[PDB]
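Visitor: Below is the structure, and that's it, no one-letter string:
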């Protein structure tokens, strides 16, 4: 149920970014803005998305742009509330404990950057950039939103995926 | 129940406007004032209403007038609260989502300008002016009310019906 | 039986008179003349009757004109005999006592000017102009026809409908 809805939403709101023929990251639609990690390099597998003018910012390591009108109905719905507990993810379920996003599996691999972290109701919470090896766990370096502000949370030792 | 009540209220609070013998708009009785969109041209199918001196405002794209005394019992009652959810309309059910009034079907056609958008209790929330083709949905350019002011919402690409 | 005949004759011998889009009086066909009260103003809702030249006389409060040839078969028949008793009317039955036309119900309302009062044989005897609120009854101020003379009976305190 929840897993099926989450994967259906991911299918409609993720476009692969390929460089030299191999995928390196993913750009996702949140609200009414195209969001992609800045550190990843490549082009989006979409004629409409690849032609947009991407605003750059190195402090938050994020690229943003305005989506065209005809993909507004194909974009996720955002939120800013982050209660403690469990959240969905493409490679499993993520745990929010003490202001940190951690991977129970520790199976994070390069090339998964940009996949949204989903809420219980399908809302998007943050965006994955990289993680830091906490032995059996990994602390995620993710980009979230405040009420009206963007912040970047990077645990020590994190590597960009 | 709700559909029949809404139709009953609409018959007592909607007056057609025709130019050159063909209908082009609608005027509604909300509170104690006649409200008709400014862009639609013609005449209201009533001597008492057609004789009134209308106040013009191109910024909000609306005309108003104070209703005569003997239609004061034949006017819809208004509201300013807009909870998230579903609202009734003469052509189906409209979806209010994130500050946007959207049509689930995209079935709005020119000549329907001025048709009000009702609430659950029969209260009027807004007045339709135009729409925009946003994928398989249609964002409605409406005229809504705050506690005391008039505000106008116009999604990009909207066409005046 | 009588009601059906009176209604059928009234349908064929009454034309609503409207001013500024609202009906205010009726022009009835008697013999070969069109009668209309002088206090009511407007245009008869008919092409042929609009272009006819009307003779106006403020003493009797009545306008008369000659009907077209082809409409001679769509008119009532007249009489002057007025024996004591009851006479039929569009809104019920009227009583003729002591040279007065009285309304048992007192249900006369403005806009009832010009409605003829019929005989028991369907013949038209008088034309209603106004009424006087006398207790539970209403004395009718009407224009009648003698053998040769047109006379007006107006009780004290009557009002023009």
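Guide: That came through fine. Residues are numbered from 1 along each chain as shown, chains lettered A, B, ... in the order given.

Visitor: How far away from the center of its chain is stretch A:109-125?
Guide: When C-alpha coordinates are averaged (Cα atoms, centre = their mean, to the nearest Å), stretch A:109-125 and its chain have centres 5 Å apart.

Visitor: hmm, that stretch in reach of chain B?
Guide: No - applying Cβ under 8 Å from any Cβ of the partner chain, one finds that stretch A:109-125 is not in contact with chain B, the shortest distance being 11.8 Å. Backbone N, C-alpha and C define where each C-beta goes, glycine included.

Visitor: Determine how far the last residue of that stretch lies from the first.
Guide: 21 Å (Cα to Cα, to the nearest Å).

Visitor: go on, stretch A:129-144?
Guide: With Cα to Cα as the measure, stretch A:129-144 spans 11 Å from end to end.

Visitor: Against residue C:54, how distant is residue A:38?
Guide: According to Cβ to Cβ, to the nearest Å, residue A:38 and residue C:54 sit 88 Å apart.

Visitor: So if I had to pick from the two, which one is more boxed in?
Guide: Regarding residue A:38 and residue C:54, a neighbour count based on other Cβ atoms under 10 Å in any protein chain shown identifies residue A:38 as having more, with 18 against 15.

Visitor: For that one, give its distance to residue A:54.
Guide: For residue A:38 relative to residue A:54 (Cβ to Cβ), the value is 9 Å.

Visitor: okay, and the common contacts of those two?
Guide: Taking Cβ atoms under 8 Å, 6 or more residues apart in numbering or on different chains as the contact rule, the neighbours common to residue A:38 and residue A:54 are residue A:63.

Visitor: Tell me how far the residue in chain A that chain C sits nearest to lies from chain B.
Guide: Chain C sits closest to residue A:69 of chain A, with a gap of 44.8 Å, by Cβ to the nearest Cβ. Residue A:69 sits at a distance of 5 Å from chain B (criterion: Cβ to the nearest Cβ, to the nearest Å).

Visitor: next one: residue A:62
Guide: 22 Å.

Visitor: OK, contacts around residue A:121?
Guide: If a contact means Cβ under 8 Å, 6+ apart, then residue A:121 has no contacts.

Visitor: can you check the one 10 residues further on too?
Guide: When contacts are counted by Cβ under 8 Å, 6+ apart, residue A:131 is found next to A:103, A:108, A:138, A:139, A:140, A:141, A:155, A:158, A:159, A:161.

Visitor: In those residues, which residue is surrounded by the most others?
Guide: The member of the contacts of residue A:131 that has the most neighbours, counting by other Cβ under 10 Å, is residue A:140 with 26 neighbours.

Visitor: That residue - that's part of a helix, no?
Guide: No - counting by DSSP: H, G, I helix; E, B strand; the rest coil, one finds residue A:140 to be strand, located in no helix.

Visitor: Return the set of residues that bridge with it.
Guide: Going by DSSP bridges, residue A:140 is paired in beta bridges with residue A:131.

Visitor: Tell me if I'm right that it and residue A:105 touch.
Guide: No - contact criterion Cβ atoms under 8 Å: residue A:140 and residue A:105 do not qualify, at 11.9 Å.

Visitor: Right, and chain B sits closest to which residue of chain A?
Guide: For chain A, the residue positioned closest to chain B under Cβ to the nearest Cβ is residue A:73, at a distance of 3.7 Å.
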